[PDB]
Structure formats: structure tokens, C-alpha cells
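Trainee: Each residue of the sequence shown is one higher than the one before, starting from 1 at the first, in the deposited numbering.
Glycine is no exception: its CB is placed at the ideal position from the N, C-alpha and C atoms.
Okay, handing you the structure first.
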Amino acid sequence: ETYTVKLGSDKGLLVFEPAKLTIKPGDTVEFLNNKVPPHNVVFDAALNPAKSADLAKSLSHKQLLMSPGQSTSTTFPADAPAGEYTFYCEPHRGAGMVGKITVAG
Ligand SMILES: [Cu+2]
């Protein structure tokens with residue numbers, strides 16, 4: 001299944017919309033640049049079920065998305081470990097642009 005997370009709400013808030021999502025291993029999350037760019041998508045190296053920096057890096061998109069309508073996607077590994085994956089937008093982290101994906105069966 002492919003799910004869409006907007007970067008910046010339609011109201012213009014510095015949030016992911018939605019900010020929490022439950023998926024299965026192998027699902028894709030599309031991150032769509034929506035409002036108040038630039039944004040990026042960085043998975044936390046410690047706050048994933050494997051506490052694996054490499055895993056987090058593989059899921060992340062560090063380059064800034066500059067224009068509304070740009071997108072990037074993360075397809076989770078087929079054997080992604082179950083549990084919680086915290087991610088954030090680097091420029092807007094301090095303003096609260098933090099999200100969480102939960103992988104479950
Ligand atoms: Cu942002």
C-alpha cells in the first residue's frame with residue numbers, strides 16, 4: 001500500500017499531515033511537498049526498532065524539497081522491524097515538525 005504524508009498542512013502549519021501512520025513492512029510512504037517549504041525527511045538514528053543508524057539513513061531524504069508539488073518516497077524494507085520510527089524535518093524540527101511511523105503486521 002502507498003500512503004501519502006503532506007509536508008506542511010493545507011492551513012500552512014509546520015507539521016506532517018498526518019503526523020502518525022501505521023504501515024506494514026513493504027509499504028511505501030510518499031512525502032509530498034505541500035506548503036511552507038523547504039522541508040526534508042530525516043529518520044532518527046536511535047528512535048527506530050533496531051537502533052540502527054544505517055536503517056534510518058536508508059529511509060531518509062536529506063535534500064530539501066524546495067517547491068510545492070515535489071515528492072520523495074520511502075518504501076520500507078520487506079523485513080522492516082516492527083515498532084516505531086521517529087522522523088522529522090530538519091529546518092522545522094524545533095517548531096514541532098516531527099512524525100512517527102509504526103510498522104506492524
Ligand atoms: Cu519542514
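1. Hey, how far is the Cα of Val-41 from the Cα of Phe-87?
2. Who pairs with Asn-33 in a beta bridge, going by DSSP?
3. Which residue marks the beginning of the alpha helix (DSSP H) containing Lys-57, and which one marks its end?
4. Using C-beta distances below 6 angstroms, list every residue in its chain close to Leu-59, excluding the 5 sequence neighbours before and after it, in chain order.
5. Hey, is the segment 25-38 in contact with the segment 4-15, meaning 3+ C-beta pairs nearer than 8 angstroms?
6. Taking just the CA atoms, how far does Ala-46 sit from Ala-104?
7. Taking only the alpha-carbon atoms, compute the straight-line gap between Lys-11 and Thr-28 and give it to the nearest angstrom.
Mentor: Put simply:
1. 7 angstroms
2. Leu-7
3. 53-59
4. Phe-43, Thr-74
5. yes
6. 19 angstroms
7. 25 angstroms
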